[PDB]
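Chemist: Sharing final21.tsv, TSV, N, CA, C and O atoms:
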chain	number	residue	atom	x	y	z
I	155	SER	N	0.83	-1.20	0.00
I	155	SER	CA	0.00	0.00	0.00
I	155	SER	C	0.87	1.25	0.00
I	155	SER	O	0.65	2.17	-0.79
I	156	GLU	N	1.85	1.29	0.89
I	156	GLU	CA	2.75	2.44	0.99
I	156	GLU	C	4.03	2.18	0.21
I	156	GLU	O	4.48	1.04	0.09
I	157	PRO	N	4.64	3.22	-0.30
I	157	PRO	CA	5.90	3.12	-1.07
I	157	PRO	C	7.09	2.77	-0.18
I	157	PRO	O	7.39	3.48	0.78
I	158	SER	N	7.76	1.66	-0.49
I	158	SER	CA	8.91	1.23	0.29
I	158	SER	C	10.16	2.01	-0.10
I	158	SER	O	11.12	2.07	0.67
I	159	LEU	N	10.15	2.59	-1.29
I	159	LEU	CA	11.29	3.35	-1.77
I	159	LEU	C	11.94	4.15	-0.64
I	159	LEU	O	13.14	4.42	-0.66
I	160	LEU	N	11.14	4.52	0.35
I	160	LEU	CA	11.65	5.28	1.49
I	160	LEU	C	12.26	4.34	2.51
I	160	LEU	O	13.33	4.61	3.07
I	161	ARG	N	11.59	3.22	2.74
I	161	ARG	CA	12.08	2.23	3.67
I	161	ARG	C	13.16	1.41	2.98
I	161	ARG	O	13.94	0.71	3.62
I	162	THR	N	13.20	1.53	1.66
I	162	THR	CA	14.17	0.82	0.85
I	162	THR	C	15.47	1.61	0.77
I	162	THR	O	16.56	1.06	0.95
I	163	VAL	N	15.35	2.90	0.48
I	163	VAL	CA	16.53	3.76	0.37
I	163	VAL	C	17.23	3.90	1.72
I	163	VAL	O	18.45	3.80	1.80
I	164	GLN	N	16.45	4.13	2.77
I	164	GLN	CA	17.03	4.28	4.10
I	164	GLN	C	18.00	3.14	4.40
I	164	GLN	O	18.87	3.26	5.26
I	165	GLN	N	17.83	2.03	3.69
I	165	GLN	CA	18.69	0.87	3.89
I	165	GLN	C	19.99	1.03	3.10
I	165	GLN	O	20.84	0.14	3.09
I	166	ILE	N	20.12	2.17	2.44
I	166	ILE	CA	21.31	2.46	1.64
I	166	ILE	C	22.54	2.60	2.53
I	166	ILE	O	22.51	3.35	3.51
I	167	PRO	N	23.61	1.92	2.21
I	167	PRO	CA	24.86	2.02	3.01
I	167	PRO	C	25.51	3.39	2.83
I	167	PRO	O	25.71	3.84	1.70
I	168	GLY	N	25.83	4.04	3.93
I	168	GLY	CA	26.44	5.36	3.88
I	168	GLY	C	25.57	6.38	4.60
I	168	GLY	O	26.05	7.11	5.47
I	169	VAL	N	24.28	6.42	4.25
I	169	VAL	CA	23.37	7.36	4.90
I	169	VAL	C	23.50	7.27	6.41
I	169	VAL	O	23.65	8.29	7.10
I	170	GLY	N	23.45	6.05	6.93
I	170	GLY	CA	23.56	5.83	8.36
I	170	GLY	C	22.19	5.91	9.03
I	170	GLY	O	21.82	6.95	9.57
I	171	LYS	N	21.45	4.81	8.99
I	171	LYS	CA	20.14	4.78	9.60
I	171	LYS	C	20.21	5.49	10.95
I	171	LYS	O	19.20	5.93	11.50
I	172	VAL	N	21.43	5.59	11.47
I	172	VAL	CA	21.67	6.26	12.74
I	172	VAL	C	21.44	7.76	12.60
I	172	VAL	O	20.81	8.39	13.45
I	173	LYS	N	21.96	8.31	11.51
I	173	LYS	CA	21.82	9.73	11.25
I	173	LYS	C	20.50	10.02	10.53
I	173	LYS	O	20.02	11.15	10.52
I	174	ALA	N	19.92	8.98	9.93
I	174	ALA	CA	18.66	9.13	9.21
I	174	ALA	C	17.77	10.15	9.91
I	174	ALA	O	17.37	11.15	9.32
I	175	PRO	N	17.44	9.91	11.15
I	175	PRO	CA	16.58	10.82	11.95
I	175	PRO	C	17.30	12.12	12.30
I	175	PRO	O	16.67	13.17	12.45
I	176	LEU	N	18.62	12.04	12.42
I	176	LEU	CA	19.42	13.21	12.75
I	176	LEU	C	19.45	14.17	11.57
I	176	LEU	O	19.08	15.34	11.68
I	177	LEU	N	19.92	13.65	10.45
I	177	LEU	CA	20.03	14.44	9.24
I	177	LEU	C	18.64	14.80	8.71
I	177	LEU	O	18.48	15.76	7.96
I	178	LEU	N	17.64	14.02	9.11
I	178	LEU	CA	16.27	14.27	8.68
I	178	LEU	C	15.76	15.56	9.30
I	178	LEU	O	15.12	16.38	8.64
I	179	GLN	N	16.06	15.76	10.58
I	179	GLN	CA	15.63	16.96	11.28
I	179	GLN	C	15.83	18.18	10.38
I	179	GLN	O	15.11	19.17	10.50
I	180	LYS	N	16.81	18.09	9.49
I	180	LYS	CA	17.10	19.20	8.58
I	180	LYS	C	16.50	18.94	7.20
I	180	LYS	O	16.39	19.86	6.38
I	181	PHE	N	16.13	17.69	6.93
I	181	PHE	CA	15.55	17.35	5.63
I	181	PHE	C	14.23	16.59	5.81
I	181	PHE	O	14.01	15.92	6.81
I	182	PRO	N	13.35	16.69	4.84
I	182	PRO	CA	12.03	16.02	4.88
I	182	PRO	C	12.10	14.61	5.48
I	182	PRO	O	11.73	14.41	6.64
I	183	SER	N	12.59	13.65	4.71
I	183	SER	CA	12.69	12.28	5.20
I	183	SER	C	13.64	11.46	4.33
I	183	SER	O	14.02	11.88	3.23
I	184	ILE	N	14.04	10.30	4.83
I	184	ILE	CA	14.96	9.42	4.11
I	184	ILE	C	14.64	9.42	2.62
I	184	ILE	O	15.47	9.01	1.80
I	185	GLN	N	13.45	9.89	2.26
I	185	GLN	CA	13.07	9.96	0.86
I	185	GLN	C	13.86	11.07	0.19
I	185	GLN	O	14.60	10.84	-0.77
I	186	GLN	N	13.71	12.28	0.71
I	186	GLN	CA	14.43	13.43	0.19
I	186	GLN	C	15.79	13.54	0.87
I	186	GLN	O	16.78	13.93	0.25
I	187	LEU	N	15.84	13.18	2.15
I	187	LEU	CA	17.08	13.23	2.92
I	187	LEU	C	18.21	12.55	2.14
I	187	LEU	O	19.27	13.13	1.95
I	188	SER	N	17.96	11.32	1.70
I	188	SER	CA	18.96	10.58	0.95
I	188	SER	C	19.31	11.30	-0.34
I	188	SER	O	20.29	10.96	-1.00
I	189	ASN	N	18.50	12.28	-0.70
I	189	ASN	CA	18.74	13.04	-1.93
I	189	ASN	C	19.21	14.46	-1.62
I	189	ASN	O	19.28	15.30	-2.51
I	190	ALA	N	19.53	14.71	-0.36
I	190	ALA	CA	20.00	16.03	0.04
I	190	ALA	C	21.22	16.43	-0.77
I	190	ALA	O	22.00	15.58	-1.20
I	191	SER	N	21.39	17.74	-0.98
I	191	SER	CA	22.52	18.24	-1.75
I	191	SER	C	23.81	17.54	-1.32
I	191	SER	O	24.06	17.35	-0.13
I	192	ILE	N	24.62	17.16	-2.30
I	192	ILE	CA	25.89	16.48	-2.02
I	192	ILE	C	26.70	17.28	-1.01
I	192	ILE	O	27.15	16.75	0.00
I	193	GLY	N	26.90	18.56	-1.30
I	193	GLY	CA	27.66	19.43	-0.41
I	193	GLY	C	27.28	19.20	1.05
I	193	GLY	O	28.12	19.28	1.94
I	194	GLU	N	26.00	18.93	1.28
I	194	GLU	CA	25.52	18.70	2.64
I	194	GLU	C	25.80	17.26	3.08
I	194	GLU	O	26.52	17.03	4.05
I	195	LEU	N	25.23	16.30	2.36
I	195	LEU	CA	25.42	14.89	2.69
I	195	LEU	C	26.91	14.56	2.78
I	195	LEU	O	27.32	13.70	3.56
I	196	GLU	N	27.72	15.23	1.96
I	196	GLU	CA	29.16	14.99	1.95
I	196	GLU	C	29.81	15.53	3.21
I	196	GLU	O	30.39	14.79	4.00
I	197	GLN	N	29.70	16.84	3.40
I	197	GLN	CA	30.27	17.48	4.57
I	197	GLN	C	29.53	17.00	5.81
I	197	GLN	O	29.73	17.51	6.91
I	198	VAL	N	28.66	16.02	5.61
I	198	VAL	CA	27.87	15.48	6.70
I	198	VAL	C	28.33	14.07	7.08
I	198	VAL	O	28.31	13.71	8.25
I	199	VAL	N	28.71	13.27	6.09
I	199	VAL	CA	29.14	11.91	6.39
I	199	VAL	C	30.29	11.44	5.49
I	199	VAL	O	31.20	10.76	5.96
I	200	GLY	N	30.25	11.81	4.22
I	200	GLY	CA	31.32	11.40	3.31
I	200	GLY	C	31.13	11.94	1.90
I	200	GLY	O	30.02	11.93	1.37
I	201	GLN	N	32.22	12.38	1.29
I	201	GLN	CA	32.17	12.90	-0.07
I	201	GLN	C	31.70	11.80	-1.02
I	201	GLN	O	30.82	12.02	-1.85
I	202	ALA	N	32.27	10.61	-0.87
I	202	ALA	CA	31.89	9.48	-1.70
I	202	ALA	C	30.49	9.02	-1.31
I	202	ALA	O	29.65	8.73	-2.17
I	203	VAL	N	30.24	8.97	-0.01
I	203	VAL	CA	28.94	8.56	0.50
I	203	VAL	C	27.83	9.39	-0.13
I	203	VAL	O	26.96	8.87	-0.81
I	204	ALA	N	27.89	10.70	0.10
I	204	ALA	CA	26.90	11.60	-0.45
I	204	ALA	C	26.80	11.41	-1.95
I	204	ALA	O	25.75	11.63	-2.56
I	205	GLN	N	27.91	11.01	-2.55
I	205	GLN	CA	27.96	10.79	-3.99
I	205	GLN	C	27.30	9.46	-4.37
I	205	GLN	O	26.83	9.29	-5.49
I	206	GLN	N	27.27	8.53	-3.42
I	206	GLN	CA	26.67	7.22	-3.67
I	206	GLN	C	25.16	7.30	-3.52
I	206	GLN	O	24.41	6.91	-4.42
I	207	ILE	N	24.71	7.79	-2.37
I	207	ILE	CA	23.29	7.92	-2.09
I	207	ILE	C	22.60	8.73	-3.18
I	207	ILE	O	21.41	8.54	-3.45
I	208	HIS	N	23.34	9.64	-3.79
I	208	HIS	CA	22.79	10.49	-4.84
I	208	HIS	C	22.54	9.68	-6.12
I	208	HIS	O	21.51	9.83	-6.77
I	209	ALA	N	23.50	8.83	-6.47
I	209	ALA	CA	23.37	8.01	-7.67
I	209	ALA	C	22.63	6.71	-7.37
I	209	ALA	O	22.13	6.04	-8.28
I	210	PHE	N	22.58	6.34	-6.09
I	210	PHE	CA	21.90	5.11	-5.69
I	210	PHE	C	20.44	5.11	-6.13
I	210	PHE	O	20.02	4.24	-6.89
I	211	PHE	N	19.67	6.08	-5.64
I	211	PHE	CA	18.26	6.17	-5.98
I	211	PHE	C	18.07	6.67	-7.41
I	211	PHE	O	16.95	6.66	-7.94
I	212	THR	N	19.15	7.10	-8.04
I	212	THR	CA	19.07	7.60	-9.41
I	212	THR	C	18.67	6.46	-10.34
I	212	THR	O	17.88	6.65	-11.27
I	213	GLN	N	19.20	5.27	-10.07
I	213	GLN	CA	18.87	4.10	-10.88
I	213	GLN	C	18.22	3.04	-10.00
I	213	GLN	O	18.91	2.28	-9.32
I	214	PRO	N	16.91	2.96	-10.00
I	214	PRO	CA	16.17	1.96	-9.18
I	214	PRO	C	16.46	0.53	-9.63
I	214	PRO	O	16.13	0.14	-10.75
I	215	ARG	N	17.08	-0.25	-8.75
I	215	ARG	CA	17.41	-1.63	-9.06
I	215	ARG	C	16.67	-2.58	-8.13
I	215	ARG	O	17.13	-3.70	-7.98
In structure tokens, what does this structure look like?
Modeler:
Amino acid sequence: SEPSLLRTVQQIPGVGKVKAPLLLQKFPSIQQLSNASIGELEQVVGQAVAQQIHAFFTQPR
């Protein structure tokens, strides 16, 4: 019934389900959060990380 893409992406390695709620406070939700500007996600957890989560949801597999 509900879209898992959010519960699916949050499972993305790098985001940090730990920070999910932390970084979310500043962003809508793991839905958009995982898509937060690289500059942010990067200076937030990792340059490559932010670069992965960005391309991760880019191609739904």
Chemist: Find, counting only C-alpha atoms, the residue in I:168, I:157, I:182, I:214 that gets nearest to residue 201 in chain I.
Modeler: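 For residue 201 in chain I, the nearest of the candidates is I:168.
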Chemist: Give me the residues near residue 199 in chain I as a list in words, where near means some atom within 7 Å (using all atoms listed in the file) and where sequence neighbours in that chain fewer than 5 positions away do not count.
Modeler: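 Within the cut-off, the hits are residues 168, 169, 194 and 204 of chain I.
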Chemist: Now that the selection is made, can you save its residues with N, CA, C and O atoms as a CSV table (one decimal), in the coordinates of the input?
Modeler:
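Full text of out_39.csv as output:
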chain,number,residue,atom,x,y,z
I,168,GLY,N,25.8,4.0,3.9
I,168,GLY,CA,26.4,5.4,3.9
I,168,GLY,C,25.6,6.4,4.6
I,168,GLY,O,26.0,7.1,5.5
I,169,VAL,N,24.3,6.4,4.2
I,169,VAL,CA,23.4,7.4,4.9
I,169,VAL,C,23.5,7.3,6.4
I,169,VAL,O,23.6,8.3,7.1
I,194,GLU,N,26.0,18.9,1.3
I,194,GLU,CA,25.5,18.7,2.6
I,194,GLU,C,25.8,17.3,3.1
I,194,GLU,O,26.5,17.0,4.0
I,204,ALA,N,27.9,10.7,0.1
I,204,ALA,CA,26.9,11.6,-0.4
I,204,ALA,C,26.8,11.4,-2.0
I,204,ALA,O,25.8,11.6,-2.6
Chemist: Quote the spacing between CA of residue 205 in chain I and atom N of residue 192 in chain I in Å to one decimal place.
Modeler: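 Taking CA of residue 205 in chain I and atom N of residue 192 in chain I, their separation equals 7.4 Å.
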Chemist: Could you jot down the atom N of residue 206 in chain I to CA of residue 156 in chain I separation for me, Å, one decimal place?
Modeler: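 Rounded to one decimal, the two atoms are 25.6 Å apart.
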Chemist: Axis-aligned box over every listed atom of range 166-181 of chain I, padded by 6 Å per side: centre and edges in Å to one decimal, as AutoDock Vina command-line options?
Modeler:
--center_x 20.2 --center_y 10.9 --center_z 7.5 --size_x 24.4 --size_y 29.9 --size_z 23.8
Chemist: Apply DSSP to the backbone of this structure and, from chain I, keep only the residues in helix (DSSP H, G or I); write these as a tab-separated table (two decimals) with N, CA, C and O atoms, in the frame of the given file.
Modeler:
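File written: out.tsv
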chain	number	residue	atom	x	y	z
I	159	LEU	N	10.15	2.59	-1.29
I	159	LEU	CA	11.29	3.35	-1.77
I	159	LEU	C	11.94	4.15	-0.64
I	159	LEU	O	13.14	4.42	-0.66
I	160	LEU	N	11.14	4.52	0.35
I	160	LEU	CA	11.65	5.28	1.49
I	160	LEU	C	12.26	4.34	2.51
I	160	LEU	O	13.33	4.61	3.07
I	161	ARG	N	11.59	3.22	2.74
I	161	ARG	CA	12.08	2.23	3.67
I	161	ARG	C	13.16	1.41	2.98
I	161	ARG	O	13.94	0.71	3.62
I	162	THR	N	13.20	1.53	1.66
I	162	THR	CA	14.17	0.82	0.85
I	162	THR	C	15.47	1.61	0.77
I	162	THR	O	16.56	1.06	0.95
I	163	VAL	N	15.35	2.90	0.48
I	163	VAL	CA	16.53	3.76	0.37
I	163	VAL	C	17.23	3.90	1.72
I	163	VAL	O	18.45	3.80	1.80
I	174	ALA	N	19.92	8.98	9.93
I	174	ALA	CA	18.66	9.13	9.21
I	174	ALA	C	17.77	10.15	9.91
I	174	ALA	O	17.37	11.15	9.32
I	175	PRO	N	17.44	9.91	11.15
I	175	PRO	CA	16.58	10.82	11.95
I	175	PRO	C	17.30	12.12	12.30
I	175	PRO	O	16.67	13.17	12.45
I	176	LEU	N	18.62	12.04	12.42
I	176	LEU	CA	19.42	13.21	12.75
I	176	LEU	C	19.45	14.17	11.57
I	176	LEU	O	19.08	15.34	11.68
I	177	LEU	N	19.92	13.65	10.45
I	177	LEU	CA	20.03	14.44	9.24
I	177	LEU	C	18.64	14.80	8.71
I	177	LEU	O	18.48	15.76	7.96
I	178	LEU	N	17.64	14.02	9.11
I	178	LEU	CA	16.27	14.27	8.68
I	178	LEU	C	15.76	15.56	9.30
I	178	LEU	O	15.12	16.38	8.64
I	184	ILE	N	14.04	10.30	4.83
I	184	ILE	CA	14.96	9.42	4.11
I	184	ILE	C	14.64	9.42	2.62
I	184	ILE	O	15.47	9.01	1.80
I	185	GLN	N	13.45	9.89	2.26
I	185	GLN	CA	13.07	9.96	0.86
I	185	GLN	C	13.86	11.07	0.19
I	185	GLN	O	14.60	10.84	-0.77
I	186	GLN	N	13.71	12.28	0.71
I	186	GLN	CA	14.43	13.43	0.19
I	186	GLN	C	15.79	13.54	0.87
I	186	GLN	O	16.78	13.93	0.25
I	187	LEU	N	15.84	13.18	2.15
I	187	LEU	CA	17.08	13.23	2.92
I	187	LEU	C	18.21	12.55	2.14
I	187	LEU	O	19.27	13.13	1.95
I	192	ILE	N	24.62	17.16	-2.30
I	192	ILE	CA	25.89	16.48	-2.02
I	192	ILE	C	26.70	17.28	-1.01
I	192	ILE	O	27.15	16.75	0.00
I	193	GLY	N	26.90	18.56	-1.30
I	193	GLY	CA	27.66	19.43	-0.41
I	193	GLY	C	27.28	19.20	1.05
I	193	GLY	O	28.12	19.28	1.94
I	194	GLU	N	26.00	18.93	1.28
I	194	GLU	CA	25.52	18.70	2.64
I	194	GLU	C	25.80	17.26	3.08
I	194	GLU	O	26.52	17.03	4.05
I	195	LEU	N	25.23	16.30	2.36
I	195	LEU	CA	25.42	14.89	2.69
I	195	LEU	C	26.91	14.56	2.78
I	195	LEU	O	27.32	13.70	3.56
I	196	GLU	N	27.72	15.23	1.96
I	196	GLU	CA	29.16	14.99	1.95
I	196	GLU	C	29.81	15.53	3.21
I	196	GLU	O	30.39	14.79	4.00
I	201	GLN	N	32.22	12.38	1.29
I	201	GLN	CA	32.17	12.90	-0.07
I	201	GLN	C	31.70	11.80	-1.02
I	201	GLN	O	30.82	12.02	-1.85
I	202	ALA	N	32.27	10.61	-0.87
I	202	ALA	CA	31.89	9.48	-1.70
I	202	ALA	C	30.49	9.02	-1.31
I	202	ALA	O	29.65	8.73	-2.17
I	203	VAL	N	30.24	8.97	-0.01
I	203	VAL	CA	28.94	8.56	0.50
I	203	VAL	C	27.83	9.39	-0.13
I	203	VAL	O	26.96	8.87	-0.81
I	204	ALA	N	27.89	10.70	0.10
I	204	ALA	CA	26.90	11.60	-0.45
I	204	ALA	C	26.80	11.41	-1.95
I	204	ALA	O	25.75	11.63	-2.56
I	205	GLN	N	27.91	11.01	-2.55
I	205	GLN	CA	27.96	10.79	-3.99
I	205	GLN	C	27.30	9.46	-4.37
I	205	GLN	O	26.83	9.29	-5.49
I	206	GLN	N	27.27	8.53	-3.42
I	206	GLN	CA	26.67	7.22	-3.67
I	206	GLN	C	25.16	7.30	-3.52
I	206	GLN	O	24.41	6.91	-4.42
I	207	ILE	N	24.71	7.79	-2.37
I	207	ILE	CA	23.29	7.92	-2.09
I	207	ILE	C	22.60	8.73	-3.18
I	207	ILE	O	21.41	8.54	-3.45
I	208	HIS	N	23.34	9.64	-3.79
I	208	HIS	CA	22.79	10.49	-4.84
I	208	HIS	C	22.54	9.68	-6.12
I	208	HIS	O	21.51	9.83	-6.77
I	209	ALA	N	23.50	8.83	-6.47
I	209	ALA	CA	23.37	8.01	-7.67
I	209	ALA	C	22.63	6.71	-7.37
I	209	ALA	O	22.13	6.04	-8.28
I	210	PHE	N	22.58	6.34	-6.09
I	210	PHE	CA	21.90	5.11	-5.69
I	210	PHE	C	20.44	5.11	-6.13
I	210	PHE	O	20.02	4.24	-6.89
Chemist: To one decimal place in Å, what is the distance between atom C of residue 191 in chain I and atom O of residue 203 in chain I?
Modeler: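 Distance between the two atoms: 9.2 Å.
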Chemist: Ranking I:177, I:210, I:184, I:215 by minimum distance to residue 197 in chain I and counting only C-alpha atoms, which one comes first?
Modeler: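 For residue 197 in chain I, the nearest of the given residues is I:177.
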Chemist: With only C-alpha atoms as the atoms that count, which of I:160, I:195, I:209, I:202 lies nearest to residue 173 in chain I?
Modeler: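 Of I:160, I:195, I:209, I:202, the one nearest residue 173 in chain I is I:195, counting only C-alpha atoms.
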Chemist: List every protein, DNA or RNA residue with an atom no more than 8 Å from (13.9, 9.7, 2.5) in the file's coordinates, counting only N, CA, C and O atoms, and format the result as an mmCIF file with N, CA, C and O atoms, in the frame of the given file.
Modeler:
data_model
loop_
_atom_site.group_PDB
_atom_site.id
_atom_site.type_symbol
_atom_site.label_atom_id
_atom_site.label_comp_id
_atom_site.auth_asym_id
_atom_site.auth_seq_id
_atom_site.Cartn_x
_atom_site.Cartn_y
_atom_site.Cartn_z
ATOM 1 N N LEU I 159 10.150 2.590 -1.290
ATOM 2 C CA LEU I 159 11.290 3.350 -1.770
ATOM 3 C C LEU I 159 11.940 4.150 -0.640
ATOM 4 O O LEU I 159 13.140 4.420 -0.660
ATOM 5 N N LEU I 160 11.140 4.520 0.350
ATOM 6 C CA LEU I 160 11.650 5.280 1.490
ATOM 7 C C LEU I 160 12.260 4.340 2.510
ATOM 8 O O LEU I 160 13.330 4.610 3.070
ATOM 9 N N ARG I 161 11.590 3.220 2.740
ATOM 10 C CA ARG I 161 12.080 2.230 3.670
ATOM 11 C C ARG I 161 13.160 1.410 2.980
ATOM 12 O O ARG I 161 13.940 0.710 3.620
ATOM 13 N N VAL I 163 15.350 2.900 0.480
ATOM 14 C CA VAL I 163 16.530 3.760 0.370
ATOM 15 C C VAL I 163 17.230 3.900 1.720
ATOM 16 O O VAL I 163 18.450 3.800 1.800
ATOM 17 N N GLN I 164 16.450 4.130 2.770
ATOM 18 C CA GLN I 164 17.030 4.280 4.100
ATOM 19 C C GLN I 164 18.000 3.140 4.400
ATOM 20 O O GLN I 164 18.870 3.260 5.260
ATOM 21 N N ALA I 174 19.920 8.980 9.930
ATOM 22 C CA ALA I 174 18.660 9.130 9.210
ATOM 23 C C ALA I 174 17.770 10.150 9.910
ATOM 24 O O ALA I 174 17.370 11.150 9.320
ATOM 25 N N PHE I 181 16.130 17.690 6.930
ATOM 26 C CA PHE I 181 15.550 17.350 5.630
ATOM 27 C C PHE I 181 14.230 16.590 5.810
ATOM 28 O O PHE I 181 14.010 15.920 6.810
ATOM 29 N N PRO I 182 13.350 16.690 4.840
ATOM 30 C CA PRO I 182 12.030 16.020 4.880
ATOM 31 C C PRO I 182 12.100 14.610 5.480
ATOM 32 O O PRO I 182 11.730 14.410 6.640
ATOM 33 N N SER I 183 12.590 13.650 4.710
ATOM 34 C CA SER I 183 12.690 12.280 5.200
ATOM 35 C C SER I 183 13.640 11.460 4.330
ATOM 36 O O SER I 183 14.020 11.880 3.230
ATOM 37 N N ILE I 184 14.040 10.300 4.830
ATOM 38 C CA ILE I 184 14.960 9.420 4.110
ATOM 39 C C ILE I 184 14.640 9.420 2.620
ATOM 40 O O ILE I 184 15.470 9.010 1.800
ATOM 41 N N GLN I 185 13.450 9.890 2.260
ATOM 42 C CA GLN I 185 13.070 9.960 0.860
ATOM 43 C C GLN I 185 13.860 11.070 0.190
ATOM 44 O O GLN I 185 14.600 10.840 -0.770
ATOM 45 N N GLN I 186 13.710 12.280 0.710
ATOM 46 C CA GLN I 186 14.430 13.430 0.190
ATOM 47 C C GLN I 186 15.790 13.540 0.870
ATOM 48 O O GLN I 186 16.780 13.930 0.250
ATOM 49 N N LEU I 187 15.840 13.180 2.150
ATOM 50 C CA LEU I 187 17.080 13.230 2.920
ATOM 51 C C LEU I 187 18.210 12.550 2.140
ATOM 52 O O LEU I 187 19.270 13.130 1.950
ATOM 53 N N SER I 188 17.960 11.320 1.700
ATOM 54 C CA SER I 188 18.960 10.580 0.950
ATOM 55 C C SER I 188 19.310 11.300 -0.340
ATOM 56 O O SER I 188 20.290 10.960 -1.000
ATOM 57 N N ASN I 189 18.500 12.280 -0.700
ATOM 58 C CA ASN I 189 18.740 13.040 -1.930
ATOM 59 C C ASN I 189 19.210 14.460 -1.620
ATOM 60 O O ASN I 189 19.280 15.300 -2.510
#
Chemist: Is it possible to dump range 172-186 of chain I as a PDB file, in the first residue's frame, including just N, CA, C and O atoms?
Modeler:
ATOM      1  N   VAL I 172      21.428   5.594  11.467  1.00  0.00           N
ATOM      2  CA  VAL I 172      21.670   6.259  12.739  1.00  0.00           C
ATOM      3  C   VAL I 172      21.440   7.755  12.597  1.00  0.00           C
ATOM      4  O   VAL I 172      20.815   8.388  13.448  1.00  0.00           O
ATOM      5  N   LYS I 173      21.957   8.310  11.511  1.00  0.00           N
ATOM      6  CA  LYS I 173      21.818   9.733  11.246  1.00  0.00           C
ATOM      7  C   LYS I 173      20.502  10.017  10.528  1.00  0.00           C
ATOM      8  O   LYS I 173      20.020  11.150  10.519  1.00  0.00           O
ATOM      9  N   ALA I 174      19.925   8.981   9.927  1.00  0.00           N
ATOM     10  CA  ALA I 174      18.665   9.131   9.209  1.00  0.00           C
ATOM     11  C   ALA I 174      17.768  10.148   9.909  1.00  0.00           C
ATOM     12  O   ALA I 174      17.374  11.152   9.317  1.00  0.00           O
ATOM     13  N   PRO I 175      17.444   9.907  11.153  1.00  0.00           N
ATOM     14  CA  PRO I 175      16.578  10.823  11.948  1.00  0.00           C
ATOM     15  C   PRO I 175      17.297  12.121  12.299  1.00  0.00           C
ATOM     16  O   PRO I 175      16.671  13.171  12.450  1.00  0.00           O
ATOM     17  N   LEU I 176      18.616  12.040  12.421  1.00  0.00           N
ATOM     18  CA  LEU I 176      19.418  13.213  12.748  1.00  0.00           C
ATOM     19  C   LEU I 176      19.453  14.170  11.574  1.00  0.00           C
ATOM     20  O   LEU I 176      19.079  15.338  11.683  1.00  0.00           O
ATOM     21  N   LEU I 177      19.918  13.653  10.449  1.00  0.00           N
ATOM     22  CA  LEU I 177      20.026  14.435   9.235  1.00  0.00           C
ATOM     23  C   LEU I 177      18.643  14.795   8.707  1.00  0.00           C
ATOM     24  O   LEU I 177      18.484  15.761   7.960  1.00  0.00           O
ATOM     25  N   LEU I 178      17.643  14.019   9.109  1.00  0.00           N
ATOM     26  CA  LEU I 178      16.275  14.273   8.677  1.00  0.00           C
ATOM     27  C   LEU I 178      15.763  15.564   9.303  1.00  0.00           C
ATOM     28  O   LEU I 178      15.120  16.375   8.641  1.00  0.00           O
ATOM     29  N   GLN I 179      16.063  15.756  10.583  1.00  0.00           N
ATOM     30  CA  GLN I 179      15.630  16.961  11.276  1.00  0.00           C
ATOM     31  C   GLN I 179      15.829  18.179  10.382  1.00  0.00           C
ATOM     32  O   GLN I 179      15.112  19.173  10.500  1.00  0.00           O
ATOM     33  N   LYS I 180      16.811  18.093   9.489  1.00  0.00           N
ATOM     34  CA  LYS I 180      17.101  19.195   8.580  1.00  0.00           C
ATOM     35  C   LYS I 180      16.503  18.940   7.197  1.00  0.00           C
ATOM     36  O   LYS I 180      16.392  19.859   6.384  1.00  0.00           O
ATOM     37  N   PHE I 181      16.125  17.693   6.930  1.00  0.00           N
ATOM     38  CA  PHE I 181      15.547  17.346   5.634  1.00  0.00           C
ATOM     39  C   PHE I 181      14.230  16.591   5.805  1.00  0.00           C
ATOM     40  O   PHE I 181      14.008  15.925   6.815  1.00  0.00           O
ATOM     41  N   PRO I 182      13.355  16.691   4.839  1.00  0.00           N
ATOM     42  CA  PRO I 182      12.029  16.015   4.876  1.00  0.00           C
ATOM     43  C   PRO I 182      12.103  14.613   5.485  1.00  0.00           C
ATOM     44  O   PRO I 182      11.727  14.413   6.640  1.00  0.00           O
ATOM     45  N   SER I 183      12.586  13.646   4.708  1.00  0.00           N
ATOM     46  CA  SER I 183      12.694  12.277   5.197  1.00  0.00           C
ATOM     47  C   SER I 183      13.644  11.463   4.326  1.00  0.00           C
ATOM     48  O   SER I 183      14.016  11.884   3.231  1.00  0.00           O
ATOM     49  N   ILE I 184      14.042  10.298   4.828  1.00  0.00           N
ATOM     50  CA  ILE I 184      14.960   9.424   4.108  1.00  0.00           C
ATOM     51  C   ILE I 184      14.643   9.417   2.617  1.00  0.00           C
ATOM     52  O   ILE I 184      15.470   9.012   1.802  1.00  0.00           O
ATOM     53  N   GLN I 185      13.453   9.893   2.262  1.00  0.00           N
ATOM     54  CA  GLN I 185      13.071   9.958   0.859  1.00  0.00           C
ATOM     55  C   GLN I 185      13.861  11.072   0.185  1.00  0.00           C
ATOM     56  O   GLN I 185      14.602  10.839  -0.769  1.00  0.00           O
ATOM     57  N   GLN I 186      13.713  12.280   0.715  1.00  0.00           N
ATOM     58  CA  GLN I 186      14.431  13.432   0.191  1.00  0.00           C
ATOM     59  C   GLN I 186      15.795  13.540   0.867  1.00  0.00           C
ATOM     60  O   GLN I 186      16.782  13.933   0.246  1.00  0.00           O
TER      61      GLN I 186
END
